[PDB]
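Presented below, as structure tokens, is a lone chain in the form deposited in one PDB entry.
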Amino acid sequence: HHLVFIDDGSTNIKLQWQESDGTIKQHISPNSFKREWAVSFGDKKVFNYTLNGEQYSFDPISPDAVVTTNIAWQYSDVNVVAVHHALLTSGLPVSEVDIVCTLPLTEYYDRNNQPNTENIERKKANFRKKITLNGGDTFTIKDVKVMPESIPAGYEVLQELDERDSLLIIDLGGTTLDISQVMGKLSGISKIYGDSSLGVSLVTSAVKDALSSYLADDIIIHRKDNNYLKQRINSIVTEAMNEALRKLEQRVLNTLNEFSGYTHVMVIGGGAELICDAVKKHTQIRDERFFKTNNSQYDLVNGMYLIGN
């Protein structure tokens, strides 16, 4: 079977898997689905699913998309649809697959930092829900393993740490800021933290107000090039973005005040690039001990792959 590692996040589903020839592929797919089939009169291609006697369709523009920011989204029908759609648009041949998926830190672990067995099993069972697609066959999910978010992204680093050092893993997602503090060699977890009131979406929504999702996203990724901005549009948007970024940074730095005793720091998630500078400065962590990739939104799923593949 193909083995697919899946970071099913509330913004995008990230996939990683190894091809027959040993080539490693990554994939990303939005999770925007409405609880209704999409109608095409001939122009658009549509992905119309049925899950539990309910219609779903991929829809990246309707405002009536199903919410994905609630806690129980991890165990929802629409999550299952989102994962099947990701598989279906990945380029993998339709087939039986084993998967490894994630639960957010505060779902994977209980408030005593021990694995939450009931949540883990609920996550596995969710993918037994049966799905159909109009005008095509669907992947068949077989074995399901569950990992926590965060930890796998830091594991390659954790292997190099003294059992006594501890890595601070800072994950700024689209809708959440989650942080773990983990003992070297993954000998234990000293602290877990989850705050769903801040994510990249703060900045995206701010920019959007000053003014699709793409325009704002493009404006943000190209904030360092003045000609792109002037070109892409027709000074206000700019100030708004900088204030959003400023407020984002302020709150992230506030959050870090909840942690101490860490010797190493790593920043992951799609928002890593937006707070990287402010986090390095504030932590005063000597650079050899500060970790950030150039593909931050895939750090988790890559770490999962290196562990479980």
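Don't overthink the numbering: it's just position in the shown sequence, from 1.
Missing here is the form solved in complex with a partner chain; even so, the following discussion is about that form.
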Problem - One residue of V203, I141, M147, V81 in contact with its partner chain, assessed in the deposited bound form (non-hydrogen atom, 4.5 angstroms) - result: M147
Handout entry: The unique member of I120, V97, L92, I220 whose heavy atoms fall within 4.5 Å of its partner chain in the deposited bound form
Key = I120
Exercise for the section: Flag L186 as yes or no: does it have a non-hydrogen atom within 4.5 angstroms of any non-hydrogen atom of its partner chain in the deposited bound form? Expected result: yes
Handout entry: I307, heavy atom within 4.5 angstroms of its partner chain in the deposited bound form
Key = yes
Practice task
Mark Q159 yes when one of its heavy atoms lies within 4.5 Å of a heavy atom of its partner chain in the deposited bound form, and no otherwise.
Solution key: yes
Practice task
Look up in the deposited bound form whether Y155 has a non-hydrogen atom within 4.5 angstroms of its partner chain, and give yes or no.
Solution key: yes
